[PDB]
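K.L.:
Sending over coords.tsv (TSV, C-alpha atoms and all ligand atoms).
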chain	number	residue	atom	x	y	z
A	1	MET	CA	5.51	19.06	16.53
A	2	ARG	CA	3.69	16.60	18.76
A	3	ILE	CA	0.35	15.13	17.65
A	4	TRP	CA	-2.16	12.57	18.89
A	5	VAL	CA	-3.94	9.74	17.13
A	6	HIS	CA	-6.98	8.05	18.59
A	7	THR	CA	-7.64	4.36	17.94
A	8	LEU	CA	-10.81	2.28	18.21
A	9	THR	CA	-9.30	0.39	21.15
A	10	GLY	CA	-9.42	3.58	23.22
A	11	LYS	CA	-5.65	3.87	23.11
A	12	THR	CA	-4.12	7.19	22.08
A	13	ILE	CA	-0.84	7.27	20.19
A	14	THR	CA	1.51	10.22	20.45
A	15	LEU	CA	3.61	10.96	17.33
A	16	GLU	CA	6.39	13.40	16.55
A	17	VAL	CA	5.82	15.20	13.25
A	18	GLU	CA	6.58	18.36	11.34
A	19	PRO	CA	4.30	20.34	9.02
A	20	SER	CA	6.29	19.09	5.98
A	21	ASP	CA	5.76	15.39	6.75
A	22	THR	CA	3.40	13.62	4.36
A	23	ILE	CA	0.27	11.91	5.59
A	24	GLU	CA	1.82	8.71	4.25
A	25	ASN	CA	4.82	9.36	6.50
A	26	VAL	CA	2.39	9.79	9.43
A	27	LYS	CA	0.94	6.40	8.57
A	28	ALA	CA	4.46	5.01	8.47
A	29	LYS	CA	5.15	6.29	11.98
A	30	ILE	CA	1.96	4.63	13.17
A	31	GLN	CA	3.23	1.40	11.62
A	32	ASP	CA	6.53	1.74	13.49
A	33	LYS	CA	4.80	2.13	16.84
A	34	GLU	CA	1.81	-0.21	16.39
A	35	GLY	CA	2.58	-2.61	13.54
A	36	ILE	CA	-0.46	-1.55	11.52
A	37	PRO	CA	0.18	-1.55	7.74
A	38	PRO	CA	-0.32	1.91	6.17
A	39	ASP	CA	-2.54	0.45	3.44
A	40	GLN	CA	-5.04	-0.36	6.22
A	41	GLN	CA	-5.04	3.06	7.83
A	42	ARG	CA	-7.60	5.83	7.32
A	43	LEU	CA	-6.65	9.08	9.08
A	44	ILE	CA	-9.52	11.42	9.88
A	45	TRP	CA	-9.42	15.10	10.81
A	46	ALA	CA	-12.43	17.39	11.10
A	47	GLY	CA	-14.53	14.99	9.04
A	48	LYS	CA	-11.94	14.97	6.26
A	49	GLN	CA	-10.03	11.87	5.25
A	50	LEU	CA	-6.34	12.86	4.96
A	51	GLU	CA	-4.67	12.13	1.60
A	52	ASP	CA	-1.42	10.15	1.46
A	53	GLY	CA	0.44	12.41	-0.97
A	54	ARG	CA	-0.25	15.62	0.98
A	55	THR	CA	1.58	17.19	3.93
A	56	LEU	CA	0.05	18.41	7.19
A	57	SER	CA	0.86	21.89	5.92
A	58	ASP	CA	-1.37	21.33	2.88
A	59	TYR	CA	-4.23	21.26	5.35
A	60	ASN	CA	-5.35	24.39	7.13
A	61	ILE	CA	-4.34	23.29	10.64
A	62	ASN	CA	-4.23	25.76	13.55
A	63	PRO	CA	-0.84	25.13	15.27
A	64	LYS	CA	-1.83	26.88	18.51
A	65	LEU	CA	-3.95	23.85	19.32
A	66	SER	CA	-2.73	20.31	19.68
A	67	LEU	CA	-3.62	18.30	16.60
A	68	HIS	CA	-5.72	15.17	17.21
A	69	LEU	CA	-6.45	12.66	14.48
A	70	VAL	CA	-8.71	9.63	14.46
A	71	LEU	CA	-7.44	6.37	13.01
A	72	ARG	CA	-9.83	3.94	11.34
A	73	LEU	CA	-8.93	0.60	9.85
A	74	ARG	CA	-10.07	0.12	6.30
A	75	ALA	CA	-10.17	-3.35	4.81
A	76	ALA	CA	-7.60	-5.59	3.19
A	77	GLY	CA	-10.51	-7.38	1.54
A	78	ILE	CA	-13.36	-7.53	-0.98
A	79	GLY	CA	-11.25	-9.52	-3.44
A	80	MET	CA	-7.61	-10.52	-3.86
A	81	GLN	CA	-5.44	-7.67	-5.07
A	82	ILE	CA	-1.76	-7.84	-5.88
A	83	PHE	CA	0.70	-5.17	-6.92
A	84	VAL	CA	3.22	-5.10	-9.77
A	85	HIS	CA	6.03	-2.56	-9.81
A	86	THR	CA	7.32	-1.22	-13.13
A	87	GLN	CA	10.52	0.47	-14.28
A	88	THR	CA	8.68	3.74	-14.90
A	89	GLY	CA	7.92	3.99	-11.17
A	90	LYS	CA	4.25	3.19	-11.67
A	91	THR	CA	2.59	0.42	-9.67
A	92	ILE	CA	-0.09	-1.71	-11.31
A	93	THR	CA	-2.83	-3.18	-9.17
A	94	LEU	CA	-4.25	-6.50	-10.42
A	95	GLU	CA	-7.04	-8.78	-9.24
A	96	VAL	CA	-5.97	-12.41	-9.08
A	97	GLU	CA	-6.75	-15.76	-7.55
A	98	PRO	CA	-4.27	-18.36	-6.24
A	99	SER	CA	-5.26	-20.68	-9.13
A	100	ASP	CA	-4.38	-18.06	-11.78
A	101	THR	CA	-1.35	-18.95	-13.87
A	102	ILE	CA	1.66	-16.67	-14.07
A	103	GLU	CA	0.90	-16.44	-17.79
A	104	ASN	CA	-2.62	-15.24	-16.90
A	105	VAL	CA	-1.00	-12.56	-14.69
A	106	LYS	CA	1.06	-11.43	-17.67
A	107	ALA	CA	-2.12	-11.40	-19.74
A	108	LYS	CA	-3.77	-9.10	-17.21
A	109	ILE	CA	-0.77	-6.81	-17.32
A	110	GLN	CA	-1.20	-6.76	-21.11
A	111	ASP	CA	-4.88	-5.75	-20.79
A	112	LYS	CA	-3.93	-2.87	-18.50
A	113	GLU	CA	-0.68	-1.55	-19.99
A	114	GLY	CA	-0.45	-3.04	-23.47
A	115	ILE	CA	2.81	-4.89	-22.81
A	116	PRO	CA	3.06	-8.24	-24.65
A	117	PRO	CA	3.50	-11.26	-22.31
A	118	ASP	CA	6.51	-12.24	-24.47
A	119	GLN	CA	8.40	-9.32	-23.04
A	120	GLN	CA	7.44	-9.66	-19.40
A	121	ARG	CA	9.63	-11.10	-16.67
A	122	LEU	CA	7.87	-11.29	-13.29
A	123	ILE	CA	10.13	-11.32	-10.24
A	124	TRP	CA	9.25	-12.32	-6.69
A	125	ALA	CA	11.75	-12.78	-3.86
A	126	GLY	CA	14.60	-13.10	-6.35
A	127	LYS	CA	12.73	-15.74	-8.37
A	128	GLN	CA	11.57	-15.43	-11.94
A	129	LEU	CA	7.98	-16.75	-11.96
A	130	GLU	CA	7.28	-19.49	-14.53
A	131	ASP	CA	4.44	-19.08	-17.03
A	132	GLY	CA	3.04	-22.59	-16.66
A	133	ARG	CA	2.70	-22.34	-12.86
A	134	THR	CA	0.04	-20.85	-10.58
A	135	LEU	CA	0.58	-18.41	-7.72
A	136	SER	CA	-0.43	-21.26	-5.44
A	137	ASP	CA	2.50	-23.32	-6.72
A	138	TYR	CA	4.73	-20.75	-5.08
A	139	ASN	CA	4.86	-20.49	-1.33
A	140	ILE	CA	3.27	-17.06	-0.93
A	141	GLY	CA	2.25	-15.81	2.53
A	142	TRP	CA	-1.31	-14.71	1.75
A	143	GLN	CA	-1.59	-12.72	4.99
A	144	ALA	CA	0.77	-10.25	3.32
A	145	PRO	CA	0.03	-8.23	0.21
A	146	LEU	CA	1.88	-9.73	-2.72
A	147	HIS	CA	4.20	-7.38	-4.60
A	148	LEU	CA	5.85	-8.39	-7.85
A	149	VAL	CA	8.47	-6.59	-9.93
A	150	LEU	CA	8.08	-6.46	-13.70
A	151	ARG	CA	11.11	-6.34	-15.98
A	152	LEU	CA	11.26	-6.33	-19.75
A	153	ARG	CA	13.20	-8.50	-22.15
B	201	CU	CU	-8.61	13.96	20.77
B	202	CU	CU	-8.65	-16.66	-12.79
B	203	CU	CU	-5.72	-9.49	-23.72
B	204	CU	CU	6.35	-3.31	-3.35
Before we go any further, please render this structure as structure tokens.

P.N.:
Amino acid sequence: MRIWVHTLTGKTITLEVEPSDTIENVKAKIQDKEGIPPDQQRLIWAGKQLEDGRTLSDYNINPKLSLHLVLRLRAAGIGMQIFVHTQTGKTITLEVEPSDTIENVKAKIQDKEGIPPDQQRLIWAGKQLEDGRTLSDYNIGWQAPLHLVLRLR
């Protein structure tokens, strides 16, 4: 019902949860209260790193006791990753640089998924990205993770 999450700053966050909430949902509640992006969060319990797709009830937690988790910040670094959403619900992770062309992005999607660049439309903030341009030609806030949507023609 009520659980506690320790942070490196010595602060302790109280959250309201239920056994059927996913770990991802726990990370989302931490984002609501503290503004920390879930992709940065590592939740630790009894030396185990909790998995996003699982529920608290998937873990063997004794409900008599109050549950205390430890939050560690992983990195949003060691390269520049971006994310491309597909119609089949999958999400492709790619490694890119600002000076990569949109066409090069489509080429990387071809290497990973086998989809010809001819057929790819890349969408960002309601804009179709142009093949001859670079990511840096667009005004992308690099402090945020970049998410594109892929549609076929
Ligand atoms: Cu504690
Ligand atoms: Cu490159
Ligand atoms: Cu290729
Ligand atoms: Cu997204």

K.L.:
So, with all atoms listed in the file as the atoms that count, which of A:19, A:28, A:74, A:9 lies closest to residue 58 in chain A?

P.N.:
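Using all atoms listed in the file, the shortest distance to residue 58 in chain A belongs to A:19.
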
K.L.:
Select the residues contacting ligand CU 204 (chain B) at a distance of at most 8 Å, based on all atoms listed in the file, then format the selection as a short mmCIF file (atom, residue, chain, number, x, y, z; two decimals) with C-alpha atoms, in the frame of the given file.

P.N.:
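Saved the output as out_8.cif:
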data_model
loop_
_atom_site.label_atom_id
_atom_site.label_comp_id
_atom_site.auth_asym_id
_atom_site.auth_seq_id
_atom_site.Cartn_x
_atom_site.Cartn_y
_atom_site.Cartn_z
CA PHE A 83 0.70 -5.17 -6.92
CA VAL A 84 3.22 -5.10 -9.77
CA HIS A 85 6.03 -2.56 -9.81
CA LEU A 146 1.88 -9.73 -2.72
CA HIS A 147 4.20 -7.38 -4.60
CA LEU A 148 5.85 -8.39 -7.85
CA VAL A 149 8.47 -6.59 -9.93
#

K.L.:
Determine, counting only C-alpha atoms, which protein, DNA and RNA residues have an atom within 10 Å of an atom of residue 39 in chain A; residues of the same chain fewer than 2 positions away are not included. Present the result as a short mmCIF file (atom, residue, chain, number, x, y, z; two decimals) with C-alpha atoms, in the coordinates of the input.

P.N.:
data_model
loop_
_atom_site.label_atom_id
_atom_site.label_comp_id
_atom_site.auth_asym_id
_atom_site.auth_seq_id
_atom_site.Cartn_x
_atom_site.Cartn_y
_atom_site.Cartn_z
CA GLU A 24 1.82 8.71 4.25
CA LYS A 27 0.94 6.40 8.57
CA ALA A 28 4.46 5.01 8.47
CA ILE A 36 -0.46 -1.55 11.52
CA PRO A 37 0.18 -1.55 7.74
CA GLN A 41 -5.04 3.06 7.83
CA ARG A 42 -7.60 5.83 7.32
CA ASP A 52 -1.42 10.15 1.46
CA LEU A 73 -8.93 0.60 9.85
CA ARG A 74 -10.07 0.12 6.30
CA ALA A 75 -10.17 -3.35 4.81
CA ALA A 76 -7.60 -5.59 3.19
CA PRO A 145 0.03 -8.23 0.21
#

K.L.:
Using CA of residue 33 in chain A and CA of residue 57 in chain A as the two end points, give the distance in Å to one decimal.

P.N.:
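Between these atoms lies a distance of 22.9 Å.
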
K.L.:
Taking all atoms of range 113-123 of chain A that the file lists, what box with edges along x, y and z, padded by 6 Å per side, do you get, with centre and edge lengths in Å to one decimal, as JSON?

P.N.:
{"center_x": 4.7, "center_y": -6.9, "center_z": -17.4, "size_x": 22.8, "size_y": 22.7, "size_z": 26.4}

K.L.:
Taking all atoms listed in the file into account, which of A:53, A:89, A:79, A:114 comes nearest residue 26 in chain A?

P.N.:
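Using all atoms listed in the file, the shortest distance to residue 26 in chain A belongs to A:53.
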
K.L.:
What's the separation between CA of residue 91 in chain A and CA of residue 112 in chain A, in Å to one decimal place?

P.N.:
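Going from CA of residue 91 in chain A over to CA of residue 112 in chain A, I get 11.5 Å.
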